[PDB]
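Any read-out appearing in this document is the output of simple, stated calculations on the displayed coordinates, not a laboratory observation. A quick note on method: Cβ atoms are made from the backbone with ideal geometry, for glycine too, and the neighbour counts reach across all protein chains shown.
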Amino acid sequence: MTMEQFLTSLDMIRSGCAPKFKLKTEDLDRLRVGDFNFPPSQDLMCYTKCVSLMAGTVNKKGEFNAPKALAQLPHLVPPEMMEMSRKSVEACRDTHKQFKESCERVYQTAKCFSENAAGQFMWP
């Protein structure tokens, strides 16, 4: 996919998940730019689980599937973002083992991704 297609995909992905939750637009826009540096509500955390479930990178228990995520990347991000995404998959594939609750497992993995990107990170 192209960067232009990617950028638009962010909104389409959000559209499938955001209506299920009570969300503040200021919070989503911070996540959108990779700013995970504020306290998340439970809704925001579960929002990230819904996004990741849409991506097929986690299961219903919030467990991150690193080999499948790696397999799915060419359908998820554009070529410009492949290497950093691959780097983050590897760097964050275990951080989900340190939390027990499914929404927090995914949120914390997502936060880890944002901290292991060399500036190029965007969340739907």
Practice task
Could you tell me whether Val89 is in contact with a strand residue (DSSP E or B) (Cβ under 9 Å, 6 or more places away or on another chain) and assigned to a helix (DSSP H, G or I)?
Solution key: yes
Completion exercise
So, first residue in contact (Cβ under 8 Å) with a residue 24 or more places away in the chain and over 11 Å from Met122 (Cα atoms) in the stretch 27-48, second residue crowded, with 16+ Cβ neighbours inside 10 Å and charged (D, E, K, R), Cβ within less than 7 Å, six or more apart or across chains; the pairs are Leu44/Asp27; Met45/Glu104
Practice task
With the condition kept exactly as written, say whether any residue in the stretch 105-123 is of a type in the set (D, E, K, R) and not in a helix (DSSP H, G or I).
Solution key: no
Exercise for the section: Given the conditions (1) in contact with a helix residue (DSSP H, G or I) (Cβ under 8 Å, 6 or more places away or on another chain); (2) under 22 Å from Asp94 (Cβ atoms); (3) assigned to a helix (DSSP H, G or I), report the number of the one that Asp27 does not fulfil. Expected result: (2)
Completion exercise
Only unsatisfied item for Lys61, checking (1) over 19 Å from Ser114 (Cβ atoms); (2) in contact (Cβ under 8 Å) with a residue 60 or more places away in the chain; (3) not in a helix (DSSP H, G or I), is (2)
Exercise for the section: State which residue pairs qualify: first residue touching a residue at least 24 places away in the same chain (Cβ under 8 Å) and closer than 15 Å to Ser114 by Cβ and inside the stretch 67-88, second residue crowded, with 17+ Cβ neighbours inside 10 Å and of a type in the set (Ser, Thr, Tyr) in any location, beta carbons under 8 Å apart, and separation of 6 or more residues or different chains. Expected result: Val77/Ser85
Practice task
Kindly establish whether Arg32 is within 13 Å of the chain's Cα centre (by Cα), basic (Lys, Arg) and crowded, with 17+ Cβ neighbours inside 10 Å.
Solution key: no
